[PDB]
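First, one chain by itself: the form deposited in one PDB entry, in structure tokens.
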């Protein structure tokens, strides 16, 4: 089941980015679409579904890819991007989370 149901909508996730830092190259839209909302602290975001947090976003970061890198069994991730996408990311980073 879903970890944070108040953040299940894209619109709700999007509202959380009001004070999103300008230093941070990734945009709210790409993050919100990947299931992530802002927790109000530095560049910390959390997935509404798996409750996995990411931070320290770098230029060129793709939120979906970072999602599959660290929380590959998130169901929202798998439903939206599919098990192939996730397997590919994991096969390319086989020794993260080992």
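Positions refer to the first chain, counted from 1.
- Of the two stretches examined, 33-41 and 56-64, the record assigns the greater average C-alpha temperature factor to 56-64.
- For residue 9, the recorded CA B-factor ranks within the highest third of the chain. Only modelled residues enter the ranking.
- Among the modelled residues of its chain, residue 75 has a C-alpha B-factor that falls in the highest third, as given in the PDB entry.
- Per the deposited record, the Cα B-factor of residue 16 falls in the lowest third when ranked against the other modelled residues of its chain.
- Split the chain's modelled residues into thirds by C-alpha temperature factor. Residue 87 is in the middle one.
The next section is about a form of this same protein that is not shown, the form solved in complex with a partner chain.
- In the entry with it bound, none of the heavy atoms of residue 29 sits within 4.5 Å of a heavy atom of its partner chain.
- Its partner chain in the entry with it bound is approached by residue 45, whose closest heavy atom lies within 4.5 angstroms of it.
- Not displayed here, its partner chain is kept clear of residue 64 by more than 4.5 Å at the level of heavy atoms in the entry with it bound.
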